[PDB]
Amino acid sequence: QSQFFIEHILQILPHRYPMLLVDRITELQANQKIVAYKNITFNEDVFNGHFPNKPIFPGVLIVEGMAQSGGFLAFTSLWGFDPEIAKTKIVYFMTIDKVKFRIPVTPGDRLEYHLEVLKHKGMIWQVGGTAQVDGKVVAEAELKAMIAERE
């Protein structure tokens, strides 16, 4: 499939609250690209300390959201929607580079992730793209992932 919801996401990613930062997958093309998003609301614990009186979604959390989206792309590209194989694999990031923050993300924003496969070889996948809010580029980054066997 090309569109996935939280329930499908929960079966692929090992991340859970309060570290699962992807709510829905709206577009996915194997070995090419993924478009996913996370809704930003004031009702998140993170906003108690970032910052009091001034809610701003952490930039590092935006990058984390892009990573999870990218790992979802890499994983589903190879094995598709397979919850089983998913429990036997782990996708952790080795590097991150070219990260730029252009606009602050706040409650009410739909943080949309746009990642594409720059290149991949074996279990090493390199993705890149931007985070967008209402069509505008809020952030950008490149990440290298390593897919390994859990345990």
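From 1 onward, residues are counted along the sequence shown. We call the rigid core whatever largest set of C-alpha positions still superposes within 1.5 Å between the two forms.
Q: Stretch 82 to 90 versus stretch 50 to 58: after rigid core alignment, which one is farther off in C-alpha RMS in 8 other deposited structures of this protein?
A: Higher root mean square deviation of C-alphas in 8 other deposited structures of this protein is shown by 82 to 90.
Q: Just give me the stretch that moves more in 8 other deposited structures of this protein: 120 to 128 or 94 to 102, judged by RMS C-alpha distance after a core fit.
A: It is 120 to 128 whose C-alphas lie farther from the shown form in 8 other deposited structures of this protein.
Q: Output the stretch having the higher mean C-alpha B factor in the entry; the candidates are 13 to 21 and 139 to 147.
A: Mean C-alpha B-factor is greater for 139 to 147.
Q: I need to verify one thing: averaged over C-alpha atoms only, is the B-factor higher for 84 to 92 or for 37 to 45?
A: Taking the mean C-alpha B-factor of 84 to 92 and of 37 to 45, the larger value falls to 84 to 92.
Q: Kindly indicate the residue among 119, 110, 50, 98 with the greatest C-alpha B-factor in the PDB record.
A: That would be 119, according to the entry.
Q: If you rank the chain by CA B-factor, which third does residue 30 end up in: lowest, middle or highest?
A: CA B-factor rank for residue 30: middle third.
Q: Could you place residue 115 in the lowest, middle or highest third of its chain by Cα temperature factor, using the values in the record?
A: Tercile = middle for this residue's CA B-factor.
Q: State the tercile, meaning the lowest, middle or highest third, of residue 124 with respect to the CA B-factors recorded for its chain.
A: Highest third - that is where residue 124 ends up once the chain's C-alpha B-factors are sorted.
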